[PDB]
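1. Let me see the structure of the following:
(chains A and B)
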Amino acid sequence: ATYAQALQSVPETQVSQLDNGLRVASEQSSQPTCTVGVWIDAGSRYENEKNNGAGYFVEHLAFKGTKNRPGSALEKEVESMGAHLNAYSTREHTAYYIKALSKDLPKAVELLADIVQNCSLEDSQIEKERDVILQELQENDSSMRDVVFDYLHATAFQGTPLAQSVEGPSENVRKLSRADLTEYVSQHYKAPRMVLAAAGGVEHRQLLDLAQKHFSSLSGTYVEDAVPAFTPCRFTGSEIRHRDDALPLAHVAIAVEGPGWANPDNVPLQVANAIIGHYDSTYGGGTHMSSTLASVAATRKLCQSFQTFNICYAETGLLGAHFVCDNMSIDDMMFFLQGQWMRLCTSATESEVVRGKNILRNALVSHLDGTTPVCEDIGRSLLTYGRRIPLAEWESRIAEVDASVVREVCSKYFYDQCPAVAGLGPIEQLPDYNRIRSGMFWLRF
Amino acid sequence: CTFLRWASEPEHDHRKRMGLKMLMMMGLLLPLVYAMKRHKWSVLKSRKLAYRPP
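-> Numbers count the residues shown, from 1 in each chain, chains lettered A, B, ... in the order given. Sharing the structure here:
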């Protein structure tokens, strides 16, 4: 049995639609558990400065009660069958999913149709969630990576809705009335924006027939005519430096404008990112790692950690690198990161592309282990691609990358481009923006 | 007196032709190098500072 023949035997994702436009998608297995959820085309990029934070607030209030399950009846019902009710919001998506036994799918879908459609949004629970969201803001400030990536978004997408954080500034959380939160759900929690995904021991026909008795009153109509529309987000080469020498380590995120989701350049770029890879000081192979930046950082103790990232949105993205290091090593970290970028742009070699493609295949297959990653894969894929891209198609797209492809795409996105830079902490030795900008081309080239 | 000015300065005409060429080259180079300096320096000249003490 060959990896190629295992990809073909990976089961199919059935997709069926309701009249309201709700899209129902499921990957069946023989597992005795399942993960069913609702993925909505919602996030803070659809929020303006007035209501920024409303989606995170609605997520906060989602499980706190509905018109039929008063406030903790929902929690007792989910708990008494051993299920797990999670939620998450990003700048572009919002998910509500349950991990249940396969026999509990009818109750799991009935729980989500109630939650996504009939949140009481009670005036008394909004005040209680204010203090939590305010406290969670302070808990968030303590995470330097979250701060530095919010900073990267704020400077990269300045002037646009994508600069906003999901949570919103701690000025709107105290002002979001019930009417705001009611309006956010009335504008964004619609069937044509919603995907009902399942994965595990779930038959598609039965999930369909549950959706068309629980979600079938989820309209896609907008008050009078006021349907919200898409707004593209300008990228800005820019810098945001938050200098705080009391913090023991510096966090540096640097990104160029990357492709949106449906751009095939994503596959060659992810490959190339696998060439730079990622490092942590607790790794192992260390100085013998194939990634040049990893081996230099391990040999010289240049950093505590570094990662490559490709964050995608509908029409743009952030393609770059985040590293944590001490105040006297930022310069070397930036030098070697930009040198590796330039070396991929100009002189990627076939063997490192083979290893990078190997890494990408392994990351894609290992990621999809379990019902919950598959359920999120289905929901997010229908929101971003309008379909589920099979692992066979991912393999076919990876098989087409070579060193020439990597050189051309890394040239297009990295070479002689202006990056957004976020620095937090003891960042006095983080290079000046002209010096970082000069690191995006080579004079030898 | 014309001949004596030439005898004192046989480079008079060539010096003035070189001066014209220098003036045109400077009237190109000084604005463009000034633009170069301001391109590099715009990062400093437009940056904004915010103080957020605890």
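2. List the contacts of residue A:335.
-> residue A:439 (C-beta atoms under 8 Å, 6 or more residues apart in numbering or on different chains). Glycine gets a C-beta too; all of them are placed from N, C-alpha and C.
3. Residue A:156 touches residue A:255, doesn't it?
-> Yes: at 6.4 Å, residue A:156 and residue A:255 qualify as touching, with contact defined as C-beta atoms under 8 Å.
4. any residues in contact with both of the two?
-> By the contact definition C-beta under 8 Å, 6+ apart, residue A:156 and residue A:255 are jointly contacted by A:318, A:420.
5. These two: who's more crowded?
-> Using other C-beta atoms under 10 Å in any protein chain shown, the more surrounded residue of residue A:156 and residue A:255 is residue A:156, with 30 against 24.
6. Please tell me how far the more buried one sits from residue A:224.
-> With distances taken as C-beta to C-beta, to the nearest Å, residue A:156 is found 35 Å from residue A:224.
7. just the helices in chain B please.
-> Secondary structure of chain B (DSSP state H): helices at B:2-8, B:12-45.
8. which of those is buried the deepest?
-> Among the helices of chain B, ranked by average contacts under mean count of other C-beta atoms under 10 Å in any protein chain shown, first place goes to helix B:12-45 (a mean of 10).
9. Report all helices and strands that that helix contacts.
-> Secondary-structure packing of helix B:12-45 (3 or more C-beta pairs under 8 Å, 6 or more residues apart in numbering or on different chains; DSSP states H and E): helix A:433-438.
10. If you count contacts, what does the helix it packs on end up packed against?
-> helix B:12-45.
11. The helix it packs on: how far from the chain's middle?
-> 3 Å (C-alpha atoms, centre = their mean, to the nearest Å).
12. State whether residue A:198 is indeed within a helix.
-> No: judged by DSSP: H, G, I helix; E, B strand; the rest coil, residue A:198 forms no part of a helix; its state is strand.
13. Strands of chain A, start to end?
-> Ranges of strands in chain A, per DSSP state E, are A:13-17, A:23-28, A:33-40, A:84-89, A:94-101, A:194-200, A:238-243, A:250-258, A:278-280, A:305-312, A:317-325, A:420-425.
14. Tell me the strands beside the last one, with direction?
-> In the sheet containing strand A:420-425, the strands it pairs with under DSSP bridges are strand A:238-243 (parallel), strand A:250-258 (antiparallel).
15. Minimum distance to residue A:74: which of those strands has it?
-> Across these, residue A:74 has its closest neighbour in strand A:250-258 (38.0 Å, C-beta to C-beta).
16. May I see the buried residues of that closest one?
-> For strand A:250-258, the neighbour count (16 or more other C-beta atoms under 10 Å in any protein chain shown) marks A:250, A:251, A:252, A:253, A:254, A:255, A:256, A:257, A:258 as buried.
17. Equivalent analysis for stretch A:406-415, please.
-> Across stretch A:406-415, burial judged by 16+ other C-beta under 10 Å covers A:406, A:407, A:409, A:410, A:411, A:413, A:414, A:415.
18. contacting residues for the first one?
-> For residue A:406, the contacting residues are A:268, A:271, A:272, A:275, A:344, A:348, A:353, A:356, taking C-beta under 8 Å, 6+ apart as the criterion.
19. Okay, it and chain B: tell me how far apart.
-> 31 Å (C-beta to the nearest C-beta, to the nearest Å).
20. okay, now the nearest residue to residue A:343 once chain neighbours are set aside: neighbour count?
-> Among residues not flanking residue A:343 along the chain, residue A:292 sits closest, at 7.9 Å (C-beta to C-beta, 6 or more residues apart in numbering or on different chains). When neighbours are counted by other C-beta under 10 Å, residue A:292 registers 16.
21. Same question for residue A:428.
-> When neighbours are defined as other C-beta under 10 Å, residue A:428 has 13 of them.
22. Pick out the residue of the stretch 1-150 of chain A closest to chain B.
-> Residue of the stretch 1-150 of chain A nearest chain B, by C-beta to the nearest C-beta: residue A:141 (11.2 Å).
23. Look up the closest residue to that residue, ignoring the ones flanking it.
-> Nearest in space to residue A:141, with sequence neighbours left out and distances taken as C-beta to C-beta, 6+ apart, is residue A:147 at 6.3 Å.
24. next one: stretch A:264-272 to chain centre, how far?
-> With C-alpha atoms, centre = their mean, you get 17 Å for stretch A:264-272.
25. Nearest to residue A:30, out of the helices of chain B?
-> Of all those, helix B:12-45 sits nearest to residue A:30, with 59.9 Å by C-beta to C-beta.
26. Look up phi and psi at residue A:302.
-> phi -70, psi -30 (degrees, to the nearest 10).
27. Next, the contact list for it, please.
-> A:296, A:325, A:329, A:332, A:333, A:336.
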